[PDB]
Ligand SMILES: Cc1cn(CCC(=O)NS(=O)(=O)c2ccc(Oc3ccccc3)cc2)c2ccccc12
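Below you will find one chain, with nothing else, as structure tokens; this is the form deposited without the ligand, and questions on how it binds or moves follow later.
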């Protein structure tokens, strides 16, 4: 009955993201991870690579599935008969641009956004910072799922 969408670009997915997926899957009957693709800028990983990395590290979550999309998040959510977004947060500044988008999304489509505090251990990892650190040789193995780390190193090499 109940359900939420967990959106992001997940390029690549991090252990911070996985933490949020797990907590959403524990509290909602179904969870859809929404991999948002910009048709005008390729990330590091193709859509199929992003989805596979997420599937491989969520195999123990039976009520979670992964789908890509583009355009308005709230269209993705409503077309699936849902009206909740779950998003991970780190700081009060993350709460400002995110609050703006959450209130816009409620205004235009009646979709609710629930924020959850990331786990402390994973709180400083972001996809962008992990990529940037890995590019210049820093060790980010503890911040990313096994499904990701060596594929990341391969892309950089």
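Note that the rigid core is defined as the largest set of C-alphas that superpose within 1.5 Å between two forms. Residue numbers count along the first chain shown, from 1.
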{"property": "Comparing 84 to 92 and 97 to 105 where Cα RMS over structures and residues is taken in 8 other deposited structures of this protein (core fit), larger one", "result": "84 to 92"}
{"property": "Greater root mean square CA deviation, 145 to 153 compared with 14 to 22 in 8 other deposited structures of this protein, core aligned", "result": "145 to 153"}
{"property": "Residue gap status of residue 128, at least a third of other entries", "result": "no"}
{"property": "Other entries omitting residue 41, at least a third", "result": "yes"}
{"property": "Segment of higher mean CA temperature factor, 136 to 144 or 11 to 19", "result": "136 to 144"}
{"property": "Greater mean Cα temperature factor according to the PDB record, 95 to 103 or 126 to 134", "result": "95 to 103"}
{"property": "Most elevated Cα B-factor in the entry, residues 42, 108, 47, 33", "result": "42"}
{"property": "Assigned third (lowest, middle, highest) for the C-alpha B factor of residue 62", "result": "highest"}
{"property": "Third assignment of residue 116 from its chain's C-alpha B-factors", "result": "lowest"}
{"property": "Third of the chain, ranked by Cα B-factor, where residue 51 sits", "result": "lowest"}
{"property": "Record-listed C-alpha B factor of residue 153: chain third", "result": "middle"}
{"property": "B-factor third for the C-alpha atom of residue 38 within its chain", "result": "highest"}
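Form solved in complex with the ligand: not shown, discussed below.
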| property | result |
| --- | --- |
| Within 4.5 Å of the ligand in the deposited bound form, all of 8, 71 and 87 (non-hydrogen atom) | yes |
| Candidate from 64, 44, 36, 51 lying within 4.5 Å of the ligand in the deposited bound form - any heavy atom | 36 |
| Non-hydrogen atom contact residue 148 with the ligand in the deposited bound form at 4.5 angstroms | no |
| Close approach of residue 57 to the ligand in the deposited bound form, 4.5 Å, heavy atom | no |
| Neighbours of the ligand in the deposited bound form among 128 to 147 [non-hydrogen atom within 4.5 angstroms] | none |
